[PDB]
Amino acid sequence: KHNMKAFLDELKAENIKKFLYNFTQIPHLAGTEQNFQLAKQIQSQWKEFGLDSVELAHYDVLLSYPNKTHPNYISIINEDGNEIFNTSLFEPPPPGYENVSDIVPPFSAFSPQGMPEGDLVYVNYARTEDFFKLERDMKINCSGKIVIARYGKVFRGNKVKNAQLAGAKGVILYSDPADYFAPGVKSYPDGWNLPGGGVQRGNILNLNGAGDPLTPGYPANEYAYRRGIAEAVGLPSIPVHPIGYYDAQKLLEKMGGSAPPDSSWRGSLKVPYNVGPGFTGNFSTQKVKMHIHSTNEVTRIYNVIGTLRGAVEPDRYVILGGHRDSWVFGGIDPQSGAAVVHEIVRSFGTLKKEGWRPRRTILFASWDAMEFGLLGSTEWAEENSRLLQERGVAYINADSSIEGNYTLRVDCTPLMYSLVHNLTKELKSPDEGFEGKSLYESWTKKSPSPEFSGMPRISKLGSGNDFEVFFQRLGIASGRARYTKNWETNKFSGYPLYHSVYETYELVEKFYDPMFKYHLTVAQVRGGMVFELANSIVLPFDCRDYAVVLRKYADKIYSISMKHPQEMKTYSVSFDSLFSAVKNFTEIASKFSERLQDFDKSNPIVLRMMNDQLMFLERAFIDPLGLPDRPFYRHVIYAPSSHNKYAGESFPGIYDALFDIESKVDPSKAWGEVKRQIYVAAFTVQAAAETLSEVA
């Protein structure tokens, strides 16, 4: 029998291991020859595995690279202009890779060039609230200062935007052991911790969903019009560079001025964590100098797109996509995900060779230039937007399969909650102590829902990954899943060796998943989701789950507003329309569910009518005018946080209208805009509800 069990059983941990090894022996930096060669390899293998067609889709997009003969570095400079300390020019390479060529040294992708000299101000995590505390409470002025910020808590691009608006003339990012060194664990290569010479690479753009900075709205094809750099989207205006904690200690140890305002500002280094500005009296004349010489350059990138044609509904697309480009070896990010995709394709191809085809078309994608701003996924979606918005059923992302070995993590649209619950009840837990128990059981035990007993936690989608164009721009139901750490065991996000040279095959094989059982579990979750979405006769979405969360989000946004009761009285700010729309959505979704379960099962038109209602329900939350000043974030329920691209925000339009409103100089204008966003949200919720009404 060709059923999901046949698909799932075919997946092998040993295959995922072999693919991971294969994908992580050399660097695959976007825009480089090595990453083009891997694209061609993937294309060849997906054909071999049995997909109907496999093509490369290429684009020419703005990328950013250090100058090989003019290295980036930071100095402490004395009053004579002598550089008395210099940060590293490279991370010490790990055992057995000390002769690997083409390792890109640590840099902040898209930094402008410059050599700013000045006094240091320490800004904690450079969050919105961190700058609020400096400027408003501590009365420290960052204008013309170089800021030093620790990585963590929020996307680094938001840190740089915040530093820029504070008037900084440069940003130094560093990894504090507080956030990247788990107590009791040894540094790579003897454990999974970040060594003091390790550095986190990463782009510092603020694209807000635009894709290639030079071609917002349109694919960066051969005849594309490209904005001039000065009009490009999302580029930082001040130089930025990342360093490790050995180097950070040297920059921070001399810092004077004001003491840290409290303990939440102190990391784990043996330094005061003084905010500055500048150094203590003996060193008061020493300054910090950055030297950044990186260049932005239009460069060709290559997505691999594989198609497995649907037998019944070939014009309905279920997409499994993740990126292939890495900063260096990509041992976790992204190759732990790409190896999983590779095995999923191989398994589907095995069934196909035995004569099976899924009901709907499955598209498989190996995206390029993700590390430089989700560029490959976004340019492809811009090219294919009309096909995706009329035919796109769902998008399942496939970046890193692991960031820990504790339990499952799922972030997805409410439309997929029931699908996820049901699938995980059918899968075996790989966890020790849960032998013979379901993944649902271990996941629920280790990651309980904060709201419901006997349910697991499922989070909203944020952003910072390749689902962004599909979900927040185009309104295609999206999901992601991976294995994660125990947040009770160290509160820091992600894994210590993130975006460092130390993220290698050996890191995974030795420390994260020796038996590749967590990889296999994640292949089963991602592949199982794709299988159901593509094969079920009724799409496996439950509209009633959206009704429940809409009420939760309406309560939450109302509660934020109600911290300002006088203003709500003065400006007649009512949430009645939003609650009414949510009530209506709940009622209509309930009746739709009845019809779906009750309709004449022999009638393919009623079924498809009803499958189209399910498919277009996520689409209904799209506002074609976008959110304020963010035209590519069009989903009215979910946007990436304006303060942290990684985090999702609910009712983002109303959230941003309320944020820091007490500080607005024209309260009438400000509360007027709150009311406008309530109207837009209520209307959108009612309009989405009405797509589930009887059609005529």
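Quick note: we count residues from 1 along the sequence shown, nothing fancier. By rigid core we mean the largest C-alpha set that fits within 1.5 Å across both forms.
Core-fitted comparison in 5 other deposited structures of this protein shows that, between 519-527 and 494-502, the CA atoms farther from the shown form belong to 494-502. Coverage remark for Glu488: absent from the model in at least one third of the other entries compared whose chains are built on both sides.
The deposited model assigns a higher average Cα B-factor to 127-135 than to the other stretch when 294-302 and 127-135 are compared. Once the C-alpha B-factors are averaged per stretch, 55-63 and 666-674 rank with 666-674 first. For the set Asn397, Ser284, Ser108, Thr361, the PDB entry assigns the largest Cα B-factor to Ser284. Each of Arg526, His519, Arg551, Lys289 has a CA temperature factor in the record; the biggest one is found at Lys289. In the deposited entry, the Cα temperature factor of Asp612 sits in the middle third of values across the chain's modelled residues.
Among all modelled residues in its chain, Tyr417 ranks in the middle third by Cα B-factor. Residue-level temperature factors show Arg324 in the lowest third of its chain, judged at the C-alpha atom.
When the CA B factors of the chain's modelled residues are split into thirds, the value for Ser258 lands in the highest one. Remark: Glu451 belongs to the highest third of its chain, ranked by C-alpha B-factor as recorded.
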